[PDB]
Amino acid sequence: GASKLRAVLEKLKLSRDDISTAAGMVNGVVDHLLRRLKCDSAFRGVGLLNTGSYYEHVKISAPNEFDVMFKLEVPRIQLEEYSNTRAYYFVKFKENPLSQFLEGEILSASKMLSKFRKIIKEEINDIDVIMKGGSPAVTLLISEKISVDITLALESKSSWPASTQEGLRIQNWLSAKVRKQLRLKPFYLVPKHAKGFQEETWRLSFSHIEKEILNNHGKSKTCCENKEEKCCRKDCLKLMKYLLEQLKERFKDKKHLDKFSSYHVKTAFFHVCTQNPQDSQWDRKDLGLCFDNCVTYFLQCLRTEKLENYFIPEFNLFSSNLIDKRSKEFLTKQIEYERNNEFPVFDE
DNA sequence: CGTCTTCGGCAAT
DNA sequence: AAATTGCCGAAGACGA
Ligand SMILES: [Zn+2]
């Protein structure tokens, strides 16, 4: 029902005053940490890349969860793919400020993460904030209300790795030209061990690209810039995130839904966007149909145990090695029930 | 639909 | 030398 769904979206709208106070807290702490990190020889080129739901304007309910990336431009990077995981890599260099973190010829994520956490932990000790598989490296809690997931990332301005070359299938949606422009942007490597865990791997990150697409998301260049062209893409993504968040809350005592994340819902949403490239397939009048497309596609991913990373097609976020069949069957069952009953979890 | 706020990029430092 | 900073305007909450 499109009218019930719109009522859900109204309840999900963030408070402008809450945004204001929350942003003030996050920005103060983040700037404090960046200022400290830039004083260290190792994190000399550190910069802020804001990522995730809040900076994509798909944060729901309250602005109480911020993801930030502390990125380091690194020179002359040489990637070695770990096994054939397609997303995990050993970092090498082709005399540089990260030489202390080298363990042989590979860059030690562990060594780097340790100094990163150490510096942040020390800086938080003097601030009302507290510190709490490598990425996010650190989670802050500001005034018991606001959580900040801080991810260390290497920035490579090199062309994207070969495993991405069939990814980002935006050609018929955002255009081949936009795909070419996005793939000229840097890519990021975050410390993330690969599963026995290889503790020195880095995973490809494209959070900046994900943010760019979401804030410039139409086939039409003027999508959502005027009244006539307000699509429901972000509305559906928010509904999908609320659906997952509510299901995860409703079954928090069970453990089946713990591994599912907003990134899964966001990734699925980008695939539905690829399957539905035209803004007219996201008309505001069709919020119900569009949400059901997202729900249906997500259920297909659960059932087939395939949710491709939007950028790395052979990296299956729903692989057996990542999420148990039983966890997907459980989500499938609950989503199917939810849909068959006008989504009871939305009222709560 | 105008007002207000926040964020992102980047000349100008 | 190269990291810092102020400024612009889109995005979105909000009230009228
Ligand atoms: Zn739009």
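Chain letters run A, B, ... following the sequence lines, proteins first, then strands; residues in each count from 1. Any value given below was found using the heavy atoms of this structure, including those in side chains, with hydrogens, waters and symmetry copies removed.
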Q) To the nearest angstrom, how far is A:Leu37 atom CG from C:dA3 atom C1'? A) 15 Å
Q: By nearest nucleotide on DNA chain C, pick out whichever of A:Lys38 and A:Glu56 is the more 5' one.
A: A:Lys38
**Q.** Length of the line joining A:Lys230:NZ and B:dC1:P, which is rounded to integer Å
**A.** 13 Å
Q: Tell me which of A:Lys238 and A:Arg35 sits closer to the 5' end of DNA chain C, going by the nucleotide each one is nearest to.
A: A:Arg35
(Q) Donor-acceptor check, side chain of A:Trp202 to backbone of A:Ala87, threshold 3.5 angstrom: yes or no? (A) no
Q. What is the distance from CG of A:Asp18 to P of B:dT5, rounded to the nearest Å?
A. 15 Å
(Q) Using whole Å, what does the distance between atom P of nucleotide C:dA13 and atom NZ of A:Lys59 come to? (A) 13 Å
(Q) Please report the distance, rounded to the nearest Å, between CG in A:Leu214 and P in C:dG12. (A) 10 Å
**Q.** A:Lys195: partners by side chain to side chain contact (heavy atoms under 4.5 Å, CB included), with sequence neighbours left out
**A.** A:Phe197
Q. Parallel, tilted or perpendicular for A:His264 and A:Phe260, by the 30°/60° rule?
A. perpendicular
Q | Per-nucleotide protein contact string for nucleotides 6-13 of chain B (B base, S sugar-phosphate only, - none; heavy atom under 4.0 Å) | A | SSS-----
Q: State plainly whether the residues A:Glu56 and A:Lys211 are in salt-bridge range, i.e. N to O under 4.0 Å.
A: no
Q | Interatomic distance where NE2 belongs to A:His217 and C1' belongs to C:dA11 [whole Å] | A | 11 Å
(Q) Please determine whether a side-chain nitrogen of the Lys or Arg among A:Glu342 and A:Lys4 lies less than 4.0 Å from a carboxylate oxygen of the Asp or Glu. (A) no
Q. Do you know the tightest heavy-atom contact between A:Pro191 and A:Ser135?
A. O-OG, 2.7 Å
Q. For C:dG12, does either OP1 or OP2 sit under 4.0 Å from a side-chain N or O belonging to A:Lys234?
A. yes
Q: Report the distance from atom CD of A:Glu73 to atom P of C:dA2, rounded to the nearest whole Å.
A: 11 Å
Q: Would you please name every residue forming a side chain to side chain contact (heavy atoms under 4.5 Å, CB included) with A:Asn84, sequence neighbours left out?
A: A:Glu81, A:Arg86
Q) Can you check the A:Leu14 CG to C:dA13 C1' distance for me, whole Å? A) 9 Å
